[PDB]
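One chain comes next, on its own, written as C-alpha cells: the form solved without the ligand.
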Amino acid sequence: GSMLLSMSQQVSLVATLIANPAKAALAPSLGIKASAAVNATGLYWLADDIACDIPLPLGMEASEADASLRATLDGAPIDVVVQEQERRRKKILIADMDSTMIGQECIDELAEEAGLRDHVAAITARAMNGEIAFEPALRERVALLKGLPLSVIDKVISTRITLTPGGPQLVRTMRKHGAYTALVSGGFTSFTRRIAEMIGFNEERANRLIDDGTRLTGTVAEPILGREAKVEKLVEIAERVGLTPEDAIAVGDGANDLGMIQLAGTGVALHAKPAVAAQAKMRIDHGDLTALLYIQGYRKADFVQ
C-alpha cells in the first residue's frame, strides 16, 4: 500500500518480445539474453517459445530498451514493444479488415472478376503506402467494377478470403475478458458483415457498394469512409461504452489506419510497409494477431482455445 511503490507502478515500463507461433524462435536462452541486455528485474513467459515480458528497471527510457533489445535479437524474427505496465490490457479493439484480419484486399479480389486484378492492385498498394489519398483511390478502383453481377461477392468471399492467423483467438479472448471489439474497414459491408461474424466481432462498419438491383454500379455510397471515419468510429465506440480512446487497442496495416492507430492508447502497425510502420509507435512485423494478446499481457493459459 506504499504510495512510493504505487507511483513507481505507473512509470513502470515492460518490454514484450513476440514471435510468430509458426516460426517460434523466442527460445528460453534468447529471452534470458535479452533480459540481461536491459538489466531486467525479471522475465515472465506468456507463451513458451513465442512471447515473454521483461520488466524494465525504473529510470530506463523506453527508447533505450527498444534499441538494446533489437540489437540483442538482430536477425531473429522477434518483435519488440515497450509500454507502461498499467493499463496495457485494453477494453476496446478496433481493427482494419483488408490485409489485417483477412489475408487479402477485397477490392483487388473483386477486380480479378473484372480481369483487372493487377491494375487495381497497383492502385491499392499506393493507397496503402500513403502515395495517394484513400477516397479518390477507392472511387477509381470501384469504378472498374461497374457491371459485375452481385453474385460475385459471395463467390469471392467463399472461395478466396482467408482469416489471418490468430484473429479469432484475439477477438474471442478479449471478449472473454469483457472487451468490446469492432471491425472497421475502408472496404465493403458485404465483406465485413460475413468476416465479422466468422471471427466473432461485436460490430463492423465499412463502405457500401451501390448496385442497380442486379449489377454493381461502380460507385460507393456517399459519403466515403476513410481515415477520419476510423478515428470517428473509435471516438464513438469509446463514448458509447463509457471509456476513452486510451482504453482501446487499434491495429491496421495502411496509411488510412494511422489516425485510429495514433489516437488509440495502443496503436499497432501490423506487417506494414516501412512508410506506414514509421508512423506508428508500435509495430508487429513477425507475429500474427496473437501478438496483440501478448502486447496486452495475456498468457496463453488465458486464451480461448
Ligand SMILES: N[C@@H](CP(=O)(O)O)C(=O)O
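Each residue number is its position in the shown sequence, starting from 1.
Keep in mind that the form solved in complex with the ligand is missing from the display, and what follows is about it.
A single residue from the set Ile92, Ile107, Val171, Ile78 has any heavy atom within 4.5 angstroms of the ligand in the entry with it bound; that residue is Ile107. Only one listed stretch (79-87, 216-224, 109-117, 122-130) carries heavy atoms within 4.5 Å of the ligand in the entry with it bound, and that stretch is 122-130. Among residues of the shown chain, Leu138 is one whose heavy atoms approach the ligand to within 4.5 Å in the entry with it bound.
For the chain shown alone, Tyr180 is not a contact residue for the ligand in the entry with it bound, no non-hydrogen atom being within 4.5 angstroms. Residues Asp96, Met97, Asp98, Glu105, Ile107 of 95-118 are found to place at least one heavy atom within 4.5 Å of the ligand in the entry with it bound.
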